[PDB]
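What follows is one structure encoded as structure tokens, with my remarks underneath.
What follows is calculated from the coordinates using simple rules that are stated; it is not laboratory data. Cβ sites come from the backbone with ideal geometry, for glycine too, and all protein chains shown count toward neighbours.
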């Protein structure tokens with residue numbers, strides 16, 4: 001031994017993994033957050049106006065721009081990103 005017992009066992013993930021197999025695989029989150037069959041949204045798509053959250057870039061801003069001028073009801077559902085309204 002000269003730093004730790006082993007280096008990459010392959011897998012495991014258990015309560016007793018916290019130090020022994022910490023470098024093996026912890027991932028980060030035990031499940032995730034969402035995004036299944038979805039596209040890559042780790043690109044930092046759209047931040048929500050309410051604070052700092054995010055929404056999927058299924059629309060850029062220019063395409064919502066045309067939709068905005070043509071609509072702009074009251075934002076509401078798009079109040080989270082008012083480029084989709086006027």
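So the values come out like this:
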quantity	calculated
Peptides ranked, highest mean first, by Cβ atoms within 10 Å: ranges 39-46, 3-10, 61-68, 79-86	79-86, 61-68, 39-46, 3-10
Extended-chain gain in nm, criterion 0.36 nm per residue less alpha-carbon gap, residue 27 and residue 55	7.8 nm
Once the Cα gyration tensor of the chain is diagonalised, semi-axes √(5λ) in Å	45, 12, 10
Over the chain: helical MRE at 222 nm, DSSP H runs n ≥ 4 each giving -39500 (n - 2.57), nearest 500	-2500 deg cm²/dmol
Computed over the chain: relative contact order in percent, which uses C-alpha pairs under 8 Å that are six or more apart	17
C-alpha center-to-center spacing [the range 31-86, the range 1-20] in angstrom	41
Distance (nanometres) between label positions extended 7 Å along Cα→Cβ at residue 72 and residue 47	2.4
